[PDB]
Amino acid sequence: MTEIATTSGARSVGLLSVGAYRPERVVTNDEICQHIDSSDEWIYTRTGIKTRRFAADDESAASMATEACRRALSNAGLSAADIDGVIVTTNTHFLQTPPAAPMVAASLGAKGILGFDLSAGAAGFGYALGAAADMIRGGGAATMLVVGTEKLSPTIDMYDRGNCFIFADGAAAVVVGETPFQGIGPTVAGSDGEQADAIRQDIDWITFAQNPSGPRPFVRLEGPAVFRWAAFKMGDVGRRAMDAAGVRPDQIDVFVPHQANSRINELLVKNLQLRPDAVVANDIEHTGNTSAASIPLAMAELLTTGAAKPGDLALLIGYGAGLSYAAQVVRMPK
């Protein structure tokens, strides 16, 4: 008889670049406060958000992903031909099928490359990044695109005084490939499925399709439940990720938690025992909560301002719907 072959690729993998796409339209707190009894002062104090970007009607999660990938490729000095696969992570691709990944690949001029869509709420980026790293190390690919993208705005109920000022749109991609030294730490992930209702679409699409003249679905957020969970549990997740990467808290240069709420993230900083001079992502102020796109958007922001430098040691922690979390230590890209 015979034995199935065992193969592998390059074990040392890193981020070669990040590229970001932020839709043109700025929406201020004042504009949001047209339909709720609140204020700019209240929203900012409670969430850290001042403005956010909304995509145009002719844009989609897929279209924004493609643009982010184009920019990541340019920032890496690479072309579509250099990519072996693409993982699209999103929760706002509004078709059951086909998946966005093949269309994104085709738009980039690499229609034939492997790829799929990964959905895990905000934790989607960490899972997709870990999955790309795993695939590359295993020899299934040499270089990959991982893109987080969300068009959340069409799912927002603008009268919902719990979340209409939270969610927003955008996309950001990383090129993942072989590096001289290890650039992506082990994935630390998990969930709490018992709190699946905390971030949800309230009416499923089929129930809706069978009663379309009735209420339509919107995203709902049980804010305090998520706040409590994230603020209390993500510190341990961070410690596990640093432990797995073999780094001490005081070695982290840059902290990039999912941009859910500034107060949650501030509490995490105070729990994580980072250096006083550690750089902390605050992209939320002008980006809001872009779920799956949040972390790569925040990474791009930090590099843009120069607050983060290429090579900086970064701790990434994604947390959100499903109650799903995913974290890893990485070295900052270009």
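Residue numbers here begin at 1 and follow the sequence given.
Colleague: When the Cα temperature factors in the entry are averaged, is it 73-81 or 97-105 that ends up higher?
Modeller: For C-alpha atoms only, the mean B-factor is higher in 73-81.
Colleague: Between 303-311 and 37-45, name whichever shows the higher mean Cα B factor according to the PDB entry.
Modeller: In the deposited entry, the stretch with the higher C-alpha B-factor mean is 37-45.
Colleague: Return the residue from 239, 151, 137, 111 that has the highest Cα B-factor in the entry.
Modeller: Max CA B-factor in the entry, restricted to 239, 151, 137, 111: 111.
Colleague: Among 158, 144, 166, 206, single out the one with the highest C-alpha B factor in the record, please.
Modeller: Largest recorded C-alpha B-factor: 158.
Colleague: Considering only modelled residues of the same chain, in which third does the CA B-factor of residue 234 rank: lowest, middle or highest?
Modeller: As the PDB entry reports it, the C-alpha B-factor of residue 234 lands in the middle third of its chain.
Colleague: Please say which third, lowest, middle or highest, residue 202 falls into when its CA temperature factor is compared across its chain.
Modeller: Lowest third, going by the recorded CA B-factors of the chain.
Colleague: Lowest, middle or highest third: where is residue 290 by Cα B-factor in its chain?
Modeller: Its C-alpha B-factor, which the entry lists for residue 290, ranks in the lowest third among residues of this chain.
Colleague: According to the PDB entry, is the CA B factor of residue 192 in the bottom, middle or top third of its chain, that is, lowest, middle or highest?
Modeller: Middle third, going by the recorded CA B-factors of the chain.
Colleague: When the deposited Cα B-factors of this chain's modelled residues are ordered and cut into thirds, is residue 14 in the lowest, the middle or the highest one?
Modeller: Middle third - that is where residue 14 ends up once the chain's C-alpha B-factors are sorted.
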